[PDB]
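Note: the block below is protein.pdb and it holds PDB, C-alpha atoms.
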```pdb
MODEL        1
ATOM      1  CA  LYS A 396      -2.112  -0.487 -10.327  1.00  0.00           C
ATOM      2  CA  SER A 397       1.237  -2.262 -10.054  1.00  0.00           C
ATOM      3  CA  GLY A 398       2.367  -5.707 -11.204  1.00  0.00           C
ATOM      4  CA  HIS A 399      -0.383  -7.881 -12.699  1.00  0.00           C
ATOM      5  CA  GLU A 400      -2.898  -5.156 -11.777  1.00  0.00           C
ATOM      6  CA  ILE A 401      -2.860  -4.480 -15.513  1.00  0.00           C
ATOM      7  CA  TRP A 402      -5.280  -7.342 -16.041  1.00  0.00           C
ATOM      8  CA  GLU A 403      -7.984  -4.961 -14.811  1.00  0.00           C
ATOM      9  CA  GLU A 404      -7.390  -2.703 -17.792  1.00  0.00           C
ATOM     10  CA  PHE A 405      -7.475  -5.665 -20.206  1.00  0.00           C
ATOM     11  CA  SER A 406     -10.069  -7.458 -18.115  1.00  0.00           C
ATOM     12  CA  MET A 407     -12.662  -4.748 -18.624  1.00  0.00           C
ATOM     13  CA  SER A 408     -12.995  -4.998 -22.309  1.00  0.00           C
ATOM     14  CA  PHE A 409     -12.995  -8.220 -24.312  1.00  0.00           C
ATOM     15  CA  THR A 410     -15.725  -9.916 -22.316  1.00  0.00           C
ATOM     16  CA  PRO A 411     -17.990  -7.099 -23.314  1.00  0.00           C
ATOM     17  CA  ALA A 412     -16.017  -7.719 -26.511  1.00  0.00           C
ATOM     18  CA  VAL A 413     -17.415 -11.252 -26.676  1.00  0.00           C
ATOM     19  CA  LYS A 414     -20.668 -10.063 -28.249  1.00  0.00           C
ATOM     20  CA  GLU A 415     -19.161  -7.808 -30.897  1.00  0.00           C
ATOM     21  CA  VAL A 416     -17.890 -11.131 -32.205  1.00  0.00           C
ATOM     22  CA  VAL A 417     -21.386 -12.580 -32.439  1.00  0.00           C
ATOM     23  CA  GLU A 418     -22.744  -9.721 -34.548  1.00  0.00           C
ATOM     24  CA  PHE A 419     -19.656  -9.549 -36.774  1.00  0.00           C
ATOM     25  CA  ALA A 420     -20.111 -13.255 -37.484  1.00  0.00           C
ATOM     26  CA  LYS A 421     -23.751 -12.395 -38.196  1.00  0.00           C
ATOM     27  CA  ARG A 422     -22.562 -10.419 -41.207  1.00  0.00           C
ATOM     28  CA  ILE A 423     -20.217 -13.173 -42.347  1.00  0.00           C
ATOM     29  CA  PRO A 424     -21.661 -14.414 -45.667  1.00  0.00           C
ATOM     30  CA  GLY A 425     -22.952 -17.957 -45.293  1.00  0.00           C
ATOM     31  CA  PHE A 426     -22.514 -18.193 -41.498  1.00  0.00           C
ATOM     32  CA  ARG A 427     -26.169 -17.873 -40.587  1.00  0.00           C
ATOM     33  CA  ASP A 428     -26.871 -20.860 -42.863  1.00  0.00           C
ATOM     34  CA  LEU A 429     -24.669 -23.222 -40.892  1.00  0.00           C
ATOM     35  CA  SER A 430     -26.194 -25.629 -38.394  1.00  0.00           C
ATOM     36  CA  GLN A 431     -27.254 -23.669 -35.314  1.00  0.00           C
ATOM     37  CA  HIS A 432     -25.068 -26.133 -33.365  1.00  0.00           C
ATOM     38  CA  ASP A 433     -21.868 -25.346 -35.229  1.00  0.00           C
ATOM     39  CA  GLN A 434     -22.314 -21.523 -35.476  1.00  0.00           C
ATOM     40  CA  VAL A 435     -22.381 -21.249 -31.683  1.00  0.00           C
ATOM     41  CA  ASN A 436     -19.842 -24.034 -31.149  1.00  0.00           C
ATOM     42  CA  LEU A 437     -17.679 -22.157 -33.695  1.00  0.00           C
ATOM     43  CA  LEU A 438     -18.254 -18.832 -31.968  1.00  0.00           C
ATOM     44  CA  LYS A 439     -17.573 -20.527 -28.620  1.00  0.00           C
ATOM     45  CA  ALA A 440     -14.387 -22.051 -29.959  1.00  0.00           C
ATOM     46  CA  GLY A 441     -12.738 -19.306 -32.003  1.00  0.00           C
ATOM     47  CA  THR A 442     -13.922 -16.138 -30.245  1.00  0.00           C
ATOM     48  CA  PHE A 443     -10.677 -15.898 -28.301  1.00  0.00           C
ATOM     49  CA  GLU A 444      -8.738 -16.079 -31.505  1.00  0.00           C
ATOM     50  CA  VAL A 445     -10.881 -13.392 -33.125  1.00  0.00           C
ATOM     51  CA  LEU A 446      -9.980 -11.224 -30.099  1.00  0.00           C
ATOM     52  CA  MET A 447      -6.254 -11.841 -30.591  1.00  0.00           C
ATOM     53  CA  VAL A 448      -6.478 -10.841 -34.227  1.00  0.00           C
ATOM     54  CA  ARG A 449      -8.712  -7.929 -33.246  1.00  0.00           C
ATOM     55  CA  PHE A 450      -6.609  -6.593 -30.339  1.00  0.00           C
ATOM     56  CA  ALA A 451      -3.445  -6.455 -32.425  1.00  0.00           C
ATOM     57  CA  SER A 452      -4.580  -2.881 -33.213  1.00  0.00           C
ATOM     58  CA  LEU A 453      -4.213  -2.215 -29.511  1.00  0.00           C
ATOM     59  CA  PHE A 454      -0.440  -2.441 -29.886  1.00  0.00           C
ATOM     60  CA  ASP A 455       1.778   0.169 -31.472  1.00  0.00           C
ATOM     61  CA  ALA A 456       4.825  -1.765 -32.701  1.00  0.00           C
ATOM     62  CA  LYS A 457       6.455   1.571 -33.506  1.00  0.00           C
ATOM     63  CA  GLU A 458       5.982   2.955 -30.027  1.00  0.00           C
ATOM     64  CA  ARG A 459       5.981  -0.482 -28.376  1.00  0.00           C
ATOM     65  CA  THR A 460       2.973   0.515 -26.274  1.00  0.00           C
ATOM     66  CA  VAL A 461      -0.400  -1.187 -26.141  1.00  0.00           C
ATOM     67  CA  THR A 462      -3.416   1.030 -25.494  1.00  0.00           C
ATOM     68  CA  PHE A 463      -6.515  -0.537 -23.921  1.00  0.00           C
ATOM     69  CA  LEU A 464     -10.044   0.706 -24.484  1.00  0.00           C
ATOM     70  CA  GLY A 465     -10.009   3.418 -21.855  1.00  0.00           C
ATOM     71  CA  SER A 466      -6.663   4.346 -23.283  1.00  0.00           C
ATOM     72  CA  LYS A 467      -4.401   3.954 -20.320  1.00  0.00           C
ATOM     73  CA  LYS A 468      -1.081   2.972 -21.894  1.00  0.00           C
ATOM     74  CA  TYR A 469       1.753   0.753 -20.766  1.00  0.00           C
ATOM     75  CA  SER A 470       4.647  -0.782 -22.671  1.00  0.00           C
ATOM     76  CA  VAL A 471       5.637  -4.293 -23.644  1.00  0.00           C
ATOM     77  CA  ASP A 472       9.143  -3.186 -22.694  1.00  0.00           C
ATOM     78  CA  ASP A 473       8.105  -2.117 -19.191  1.00  0.00           C
ATOM     79  CA  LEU A 474       5.394  -4.576 -18.228  1.00  0.00           C
ATOM     80  CA  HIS A 475       7.589  -7.564 -19.015  1.00  0.00           C
ATOM     81  CA  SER A 476       8.618  -6.460 -15.818  1.00  0.00           C
ATOM     82  CA  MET A 477       5.436  -5.795 -13.946  1.00  0.00           C
ATOM     83  CA  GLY A 478       4.377  -9.429 -13.690  1.00  0.00           C
ATOM     84  CA  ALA A 479       2.060  -8.993 -16.611  1.00  0.00           C
ATOM     85  CA  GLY A 480       1.544 -12.617 -17.408  1.00  0.00           C
ATOM     86  CA  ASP A 481       3.643 -13.505 -20.428  1.00  0.00           C
ATOM     87  CA  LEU A 482       0.442 -13.448 -22.494  1.00  0.00           C
ATOM     88  CA  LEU A 483       0.452  -9.709 -23.260  1.00  0.00           C
ATOM     89  CA  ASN A 484       4.053 -10.424 -24.278  1.00  0.00           C
ATOM     90  CA  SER A 485       2.956 -13.233 -26.611  1.00  0.00           C
ATOM     91  CA  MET A 486       0.265 -10.799 -27.713  1.00  0.00           C
ATOM     92  CA  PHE A 487       2.955  -8.288 -28.604  1.00  0.00           C
ATOM     93  CA  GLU A 488       5.017 -10.507 -30.858  1.00  0.00           C
ATOM     94  CA  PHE A 489       1.933 -11.775 -32.717  1.00  0.00           C
ATOM     95  CA  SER A 490       0.283  -8.420 -33.314  1.00  0.00           C
ATOM     96  CA  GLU A 491       3.230  -6.399 -34.511  1.00  0.00           C
ATOM     97  CA  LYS A 492       3.956  -9.095 -37.089  1.00  0.00           C
ATOM     98  CA  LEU A 493       0.396  -9.034 -38.358  1.00  0.00           C
ATOM     99  CA  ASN A 494       0.525  -5.262 -38.028  1.00  0.00           C
ATOM    100  CA  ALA A 495       3.602  -5.129 -40.287  1.00  0.00           C
ATOM    101  CA  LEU A 496       1.418  -6.837 -42.890  1.00  0.00           C
ATOM    102  CA  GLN A 497      -0.405  -3.530 -43.321  1.00  0.00           C
ATOM    103  CA  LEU A 498      -3.668  -5.201 -44.205  1.00  0.00           C
ATOM    104  CA  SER A 499      -6.607  -2.985 -45.060  1.00  0.00           C
ATOM    105  CA  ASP A 500      -9.950  -2.568 -43.351  1.00  0.00           C
ATOM    106  CA  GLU A 501     -11.663  -4.899 -45.804  1.00  0.00           C
ATOM    107  CA  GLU A 502      -8.822  -7.427 -45.610  1.00  0.00           C
ATOM    108  CA  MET A 503      -8.110  -7.419 -41.865  1.00  0.00           C
ATOM    109  CA  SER A 504     -11.807  -8.301 -41.297  1.00  0.00           C
ATOM    110  CA  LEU A 505     -11.928 -10.944 -44.019  1.00  0.00           C
ATOM    111  CA  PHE A 506      -8.884 -12.530 -42.470  1.00  0.00           C
ATOM    112  CA  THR A 507     -10.896 -12.434 -39.269  1.00  0.00           C
ATOM    113  CA  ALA A 508     -13.851 -14.235 -40.855  1.00  0.00           C
ATOM    114  CA  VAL A 509     -11.551 -17.024 -42.003  1.00  0.00           C
ATOM    115  CA  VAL A 510     -10.162 -17.191 -38.456  1.00  0.00           C
ATOM    116  CA  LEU A 511     -13.567 -17.756 -36.886  1.00  0.00           C
ATOM    117  CA  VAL A 512     -14.647 -20.365 -39.405  1.00  0.00           C
ATOM    118  CA  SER A 513     -11.263 -21.969 -38.899  1.00  0.00           C
ATOM    119  CA  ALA A 514     -12.002 -22.466 -35.202  1.00  0.00           C
ATOM    120  CA  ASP A 515     -11.332 -25.888 -33.681  1.00  0.00           C
ATOM    121  CA  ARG A 516     -13.629 -28.415 -35.331  1.00  0.00           C
ATOM    122  CA  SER A 517     -13.697 -30.593 -32.188  1.00  0.00           C
ATOM    123  CA  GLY A 518     -17.146 -29.519 -31.014  1.00  0.00           C
ATOM    124  CA  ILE A 519     -18.492 -29.433 -34.552  1.00  0.00           C
ATOM    125  CA  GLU A 520     -21.082 -31.580 -36.274  1.00  0.00           C
ATOM    126  CA  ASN A 521     -20.749 -30.722 -39.971  1.00  0.00           C
ATOM    127  CA  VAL A 522     -17.022 -30.056 -40.541  1.00  0.00           C
ATOM    128  CA  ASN A 523     -17.447 -30.650 -44.269  1.00  0.00           C
ATOM    129  CA  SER A 524     -19.940 -27.791 -44.103  1.00  0.00           C
ATOM    130  CA  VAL A 525     -17.617 -25.531 -42.139  1.00  0.00           C
ATOM    131  CA  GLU A 526     -14.758 -26.210 -44.525  1.00  0.00           C
ATOM    132  CA  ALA A 527     -16.928 -25.266 -47.498  1.00  0.00           C
ATOM    133  CA  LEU A 528     -17.288 -21.813 -45.944  1.00  0.00           C
ATOM    134  CA  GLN A 529     -13.664 -21.250 -44.853  1.00  0.00           C
ATOM    135  CA  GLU A 530     -12.557 -22.306 -48.347  1.00  0.00           C
ATOM    136  CA  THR A 531     -14.947 -19.797 -49.854  1.00  0.00           C
ATOM    137  CA  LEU A 532     -14.039 -16.938 -47.525  1.00  0.00           C
ATOM    138  CA  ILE A 533     -10.427 -17.968 -48.144  1.00  0.00           C
ATOM    139  CA  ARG A 534     -11.116 -17.387 -51.844  1.00  0.00           C
ATOM    140  CA  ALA A 535     -12.079 -13.739 -51.606  1.00  0.00           C
ATOM    141  CA  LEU A 536      -9.094 -13.310 -49.278  1.00  0.00           C
ATOM    142  CA  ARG A 537      -6.629 -14.620 -51.874  1.00  0.00           C
ATOM    143  CA  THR A 538      -7.607 -12.279 -54.696  1.00  0.00           C
ATOM    144  CA  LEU A 539      -8.015  -9.222 -52.430  1.00  0.00           C
ATOM    145  CA  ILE A 540      -4.408  -9.458 -51.187  1.00  0.00           C
ATOM    146  CA  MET A 541      -3.195 -10.226 -54.708  1.00  0.00           C
ATOM    147  CA  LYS A 542      -5.241  -7.270 -55.873  1.00  0.00           C
ATOM    148  CA  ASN A 543      -4.164  -4.832 -53.147  1.00  0.00           C
ATOM    149  CA  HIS A 544      -0.772  -6.508 -52.474  1.00  0.00           C
ATOM    150  CA  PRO A 545       0.463  -7.345 -56.004  1.00  0.00           C
ATOM    151  CA  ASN A 546       4.200  -7.755 -55.649  1.00  0.00           C
ATOM    152  CA  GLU A 547       3.416  -8.397 -51.988  1.00  0.00           C
ATOM    153  CA  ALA A 548       2.050 -11.909 -52.529  1.00  0.00           C
ATOM    154  CA  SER A 549       3.569 -13.568 -49.451  1.00  0.00           C
ATOM    155  CA  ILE A 550       1.126 -11.735 -47.133  1.00  0.00           C
ATOM    156  CA  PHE A 551      -1.481 -14.320 -48.136  1.00  0.00           C
ATOM    157  CA  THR A 552       0.318 -17.479 -46.941  1.00  0.00           C
ATOM    158  CA  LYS A 553       1.979 -15.611 -44.045  1.00  0.00           C
ATOM    159  CA  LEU A 554      -1.640 -15.317 -42.839  1.00  0.00           C
ATOM    160  CA  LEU A 555      -2.363 -19.016 -43.212  1.00  0.00           C
ATOM    161  CA  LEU A 556       0.552 -19.565 -40.870  1.00  0.00           C
ATOM    162  CA  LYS A 557      -0.746 -17.131 -38.238  1.00  0.00           C
ATOM    163  CA  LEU A 558      -3.646 -19.621 -37.755  1.00  0.00           C
ATOM    164  CA  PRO A 559      -2.188 -22.533 -35.746  1.00  0.00           C
ATOM    165  CA  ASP A 560      -0.144 -19.873 -33.995  1.00  0.00           C
ATOM    166  CA  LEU A 561      -3.462 -18.460 -32.876  1.00  0.00           C
ATOM    167  CA  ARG A 562      -4.624 -22.051 -32.320  1.00  0.00           C
ATOM    168  CA  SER A 563      -1.862 -22.360 -29.740  1.00  0.00           C
ATOM    169  CA  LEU A 564      -2.280 -18.957 -28.137  1.00  0.00           C
ATOM    170  CA  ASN A 565      -5.856 -20.028 -27.585  1.00  0.00           C
ATOM    171  CA  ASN A 566      -5.023 -23.449 -26.167  1.00  0.00           C
ATOM    172  CA  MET A 567      -2.298 -21.816 -24.072  1.00  0.00           C
ATOM    173  CA  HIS A 568      -3.819 -18.662 -22.636  1.00  0.00           C
ATOM    174  CA  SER A 569      -7.589 -19.050 -22.837  1.00  0.00           C
ATOM    175  CA  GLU A 570      -8.172 -20.298 -19.273  1.00  0.00           C
ATOM    176  CA  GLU A 571      -7.723 -16.789 -17.844  1.00  0.00           C
ATOM    177  CA  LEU A 572      -9.670 -14.577 -20.221  1.00  0.00           C
ATOM    178  CA  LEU A 573     -13.111 -15.205 -21.743  1.00  0.00           C
ATOM    179  CA  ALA A 574     -14.152 -16.832 -18.477  1.00  0.00           C
ATOM    180  CA  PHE A 575     -15.297 -13.469 -17.138  1.00  0.00           C
ATOM    181  CA  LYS A 576     -19.064 -13.684 -17.489  1.00  0.00           C
TER     182      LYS A 576
ENDMDL
END
```
Could you write out this structure as C-alpha cells?
Amino acid sequence: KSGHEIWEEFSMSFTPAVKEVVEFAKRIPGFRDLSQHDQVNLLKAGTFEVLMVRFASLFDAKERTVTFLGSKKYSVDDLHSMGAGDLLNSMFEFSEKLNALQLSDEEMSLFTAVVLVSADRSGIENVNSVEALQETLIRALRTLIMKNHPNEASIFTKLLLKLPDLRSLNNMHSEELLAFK
C-alpha cells in the first residue's frame, strides 16, 4: 500500500522481465556468434539498463503517471512523496526525455540492442569483438533515424548520450532490483 509499498507493484515484474531480455538478445543479429562467456556476461551486465530503456513506456510524461504491468497507477508527482525511493523519480526524468524522442517500434528496439551490446565491458573477454557488433548495430541505427527523422537529426546523438546516463543509473540503483531471483 502506502509509502515504499509501491516496490511491490514494480517488484513483481522486471525479474520475470529478466528473461524477455535473453530472448530479445537472441534475435539480435550477430549476438549468438559472440563468445558464450561474453553474451551472458553482457546480458548479466546490461540487463538492468535494457529494463530502464524498456520501462520508459511505463511512464506517461503527459499525464505524469507510470503504469505498472497490472496497471495500478501512481504519479511521479505524488509518490515523490510516498517514500518511493528516488529511483522511480530518476526513472521519470530519463523516460520522458527518451519518450519525447518519439522513436518508432523498429528504432526503440534497435536502440535497445545497442544498449545491451554497450554493457560494461569489465566482465568481458573479447571487447574488440563486442565493439564490432555495437558499431554495426549503431550503423543501422544511424540511417534509420536519419531516414525516419530527417530534419530531426539530433535524436541520433541524443541517444548516444543516454548511454552513460544509463551506465550510472545502473551503477547507482541496481543493488535493489534484479536481485529478486
Would you kindly return, as a short mmCIF file (atom, residue, chain, number, x, y, z; two decimals) with C-alpha atoms, in the frame of the given file, each protein, DNA or RNA residue with an atom no farther than 12 Å from any atom of segment 484-501 of chain A, considering all atoms listed in the file and excluding same-chain residues fewer than 6 positions away?
```cif
data_model
loop_
_atom_site.label_atom_id
_atom_site.label_comp_id
_atom_site.auth_asym_id
_atom_site.auth_seq_id
_atom_site.Cartn_x
_atom_site.Cartn_y
_atom_site.Cartn_z
CA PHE A 405 -7.48 -5.66 -20.21
CA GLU A 444 -8.74 -16.08 -31.50
CA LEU A 446 -9.98 -11.22 -30.10
CA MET A 447 -6.25 -11.84 -30.59
CA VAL A 448 -6.48 -10.84 -34.23
CA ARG A 449 -8.71 -7.93 -33.25
CA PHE A 450 -6.61 -6.59 -30.34
CA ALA A 451 -3.44 -6.46 -32.42
CA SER A 452 -4.58 -2.88 -33.21
CA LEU A 453 -4.21 -2.22 -29.51
CA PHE A 454 -0.44 -2.44 -29.89
CA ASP A 455 1.78 0.17 -31.47
CA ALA A 456 4.82 -1.76 -32.70
CA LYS A 457 6.46 1.57 -33.51
CA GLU A 458 5.98 2.96 -30.03
CA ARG A 459 5.98 -0.48 -28.38
CA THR A 460 2.97 0.52 -26.27
CA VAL A 461 -0.40 -1.19 -26.14
CA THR A 462 -3.42 1.03 -25.49
CA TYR A 469 1.75 0.75 -20.77
CA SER A 470 4.65 -0.78 -22.67
CA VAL A 471 5.64 -4.29 -23.64
CA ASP A 472 9.14 -3.19 -22.69
CA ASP A 473 8.10 -2.12 -19.19
CA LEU A 474 5.39 -4.58 -18.23
CA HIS A 475 7.59 -7.56 -19.02
CA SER A 476 8.62 -6.46 -15.82
CA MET A 477 5.44 -5.80 -13.95
CA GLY A 478 4.38 -9.43 -13.69
CA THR A 507 -10.90 -12.43 -39.27
CA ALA A 508 -13.85 -14.24 -40.85
CA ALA A 535 -12.08 -13.74 -51.61
CA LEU A 536 -9.09 -13.31 -49.28
CA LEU A 539 -8.02 -9.22 -52.43
CA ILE A 540 -4.41 -9.46 -51.19
CA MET A 541 -3.20 -10.23 -54.71
CA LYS A 542 -5.24 -7.27 -55.87
CA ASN A 543 -4.16 -4.83 -53.15
CA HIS A 544 -0.77 -6.51 -52.47
CA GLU A 547 3.42 -8.40 -51.99
CA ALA A 548 2.05 -11.91 -52.53
CA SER A 549 3.57 -13.57 -49.45
CA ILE A 550 1.13 -11.74 -47.13
CA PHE A 551 -1.48 -14.32 -48.14
CA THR A 552 0.32 -17.48 -46.94
CA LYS A 553 1.98 -15.61 -44.04
CA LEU A 554 -1.64 -15.32 -42.84
CA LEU A 555 -2.36 -19.02 -43.21
CA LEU A 556 0.55 -19.57 -40.87
CA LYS A 557 -0.75 -17.13 -38.24
CA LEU A 558 -3.65 -19.62 -37.76
CA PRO A 559 -2.19 -22.53 -35.75
CA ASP A 560 -0.14 -19.87 -33.99
CA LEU A 561 -3.46 -18.46 -32.88
CA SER A 563 -1.86 -22.36 -29.74
CA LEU A 564 -2.28 -18.96 -28.14
CA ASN A 565 -5.86 -20.03 -27.58
CA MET A 567 -2.30 -21.82 -24.07
CA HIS A 568 -3.82 -18.66 -22.64
#
```
**Request:** Can you work out the spacing between atom CA of residue 504 of chain A and atom CA of residue 425 of chain A in Å, to one decimal?
**Result:** 15.3 Å
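Proximity of A:438, A:423, A:505, A:514 to residue 566 of chain A, computed with all atoms listed in the file, is greatest for A:514.
Across A:443, A:419, A:575, A:463, the tightest approach to residue 401 of chain A is made by A:463 when counting only C-alpha atoms.
Candidate residues A:429, A:402, A:572, A:468 were compared for distance to residue 527 of chain A, and the nearest is A:429, using all atoms listed in the file.
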**Message:** What does the structure give for the distance between atom CA of residue 569 of chain A and atom CA of residue 482 of chain A, in Å to one decimal?
**Reply:** 9.8 Å
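With distances taken over all atoms listed in the file, A:437 is the one residue among A:437, A:464, A:416, A:479 lying closest to residue 529 of chain A.
Taking only C-alpha atoms into account, residue 406 of chain A lies nearest to A:465 out of the set A:518, A:424, A:441, A:465.
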**Asked** Suppose you want the space between atom CA of residue 519 of chain A and atom CA of residue 502 of chain A; what is it in Å?
**Response** 26.5 Å
As a tab-separated table (two decimals), in the coordinates of the input, please: segment 433-464 of chain A completed to N, CA and C atoms.
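Full text of part_15.tsv as output:
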```tsv
chain	number	residue	atom	x	y	z
A	433	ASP	N	-23.21	-25.71	-34.78
A	433	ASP	CA	-21.87	-25.35	-35.23
A	433	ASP	C	-21.61	-23.85	-35.10
A	434	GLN	N	-22.46	-22.97	-35.57
A	434	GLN	CA	-22.31	-21.52	-35.48
A	434	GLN	C	-21.94	-21.09	-34.06
A	435	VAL	N	-22.67	-21.59	-33.08
A	435	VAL	CA	-22.38	-21.25	-31.68
A	435	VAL	C	-21.13	-21.98	-31.20
A	436	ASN	N	-21.05	-23.28	-31.48
A	436	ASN	CA	-19.84	-24.03	-31.15
A	436	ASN	C	-18.60	-23.41	-31.79
A	437	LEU	N	-18.77	-22.78	-32.94
A	437	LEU	CA	-17.68	-22.16	-33.70
A	437	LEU	C	-17.34	-20.79	-33.11
A	438	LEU	N	-18.39	-20.06	-32.73
A	438	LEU	CA	-18.25	-18.83	-31.97
A	438	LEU	C	-17.56	-19.08	-30.63
A	439	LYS	N	-18.12	-20.00	-29.86
A	439	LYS	CA	-17.57	-20.53	-28.62
A	439	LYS	C	-16.10	-20.87	-28.73
A	440	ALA	N	-15.72	-21.47	-29.87
A	440	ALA	CA	-14.39	-22.05	-29.96
A	440	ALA	C	-13.36	-21.17	-30.63
A	441	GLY	N	-13.75	-20.09	-31.31
A	441	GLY	CA	-12.74	-19.31	-32.00
A	441	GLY	C	-12.72	-17.86	-31.55
A	442	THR	N	-13.74	-17.47	-30.80
A	442	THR	CA	-13.92	-16.14	-30.24
A	442	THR	C	-12.61	-15.56	-29.73
A	443	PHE	N	-11.90	-16.37	-28.94
A	443	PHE	CA	-10.68	-15.90	-28.30
A	443	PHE	C	-9.68	-15.43	-29.36
A	444	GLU	N	-9.63	-16.29	-30.37
A	444	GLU	CA	-8.74	-16.08	-31.50
A	444	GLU	C	-9.14	-14.80	-32.22
A	445	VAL	N	-10.41	-14.66	-32.57
A	445	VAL	CA	-10.88	-13.39	-33.12
A	445	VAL	C	-10.45	-12.19	-32.27
A	446	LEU	N	-10.38	-12.35	-30.95
A	446	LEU	CA	-9.98	-11.22	-30.10
A	446	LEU	C	-8.50	-10.90	-30.33
A	447	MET	N	-7.67	-11.93	-30.28
A	447	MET	CA	-6.25	-11.84	-30.59
A	447	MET	C	-6.02	-11.03	-31.86
A	448	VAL	N	-6.63	-11.52	-32.94
A	448	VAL	CA	-6.48	-10.84	-34.23
A	448	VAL	C	-6.93	-9.39	-34.08
A	449	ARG	N	-8.07	-9.22	-33.44
A	449	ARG	CA	-8.71	-7.93	-33.25
A	449	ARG	C	-8.01	-7.02	-32.24
A	450	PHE	N	-7.25	-7.52	-31.27
A	450	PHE	CA	-6.61	-6.59	-30.34
A	450	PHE	C	-5.20	-6.19	-30.75
A	451	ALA	N	-4.70	-6.84	-31.79
A	451	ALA	CA	-3.44	-6.46	-32.42
A	451	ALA	C	-3.39	-4.96	-32.72
A	452	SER	N	-4.51	-4.31	-32.98
A	452	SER	CA	-4.58	-2.88	-33.21
A	452	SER	C	-4.27	-2.13	-31.93
A	453	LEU	N	-4.51	-2.81	-30.81
A	453	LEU	CA	-4.21	-2.22	-29.51
A	453	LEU	C	-2.73	-1.89	-29.39
A	454	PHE	N	-1.87	-2.65	-30.06
A	454	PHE	CA	-0.44	-2.44	-29.89
A	454	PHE	C	0.17	-1.56	-30.97
A	455	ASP	N	1.01	-0.63	-30.52
A	455	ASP	CA	1.78	0.17	-31.47
A	455	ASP	C	3.21	-0.37	-31.53
A	456	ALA	N	3.52	-1.11	-32.59
A	456	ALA	CA	4.82	-1.76	-32.70
A	456	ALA	C	5.94	-0.71	-32.75
A	457	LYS	N	5.59	0.42	-33.34
A	457	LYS	CA	6.46	1.57	-33.51
A	457	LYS	C	6.76	2.20	-32.16
A	458	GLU	N	5.73	2.30	-31.31
A	458	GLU	CA	5.98	2.96	-30.03
A	458	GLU	C	6.13	1.92	-28.92
A	459	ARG	N	5.95	0.66	-29.28
A	459	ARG	CA	5.98	-0.48	-28.38
A	459	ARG	C	5.15	-0.21	-27.12
A	460	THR	N	3.92	0.23	-27.33
A	460	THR	CA	2.97	0.52	-26.27
A	460	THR	C	1.56	0.07	-26.66
A	461	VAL	N	1.01	-0.88	-25.91
A	461	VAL	CA	-0.40	-1.19	-26.14
A	461	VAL	C	-1.27	-0.14	-25.44
A	462	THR	N	-2.45	0.08	-26.01
A	462	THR	CA	-3.42	1.03	-25.49
A	462	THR	C	-4.79	0.37	-25.38
A	463	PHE	N	-5.22	0.09	-24.15
A	463	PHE	CA	-6.52	-0.54	-23.92
A	463	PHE	C	-7.65	0.46	-24.12
A	464	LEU	N	-8.79	-0.03	-24.59
A	464	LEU	CA	-10.04	0.71	-24.48
A	464	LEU	C	-10.20	1.34	-23.10
```
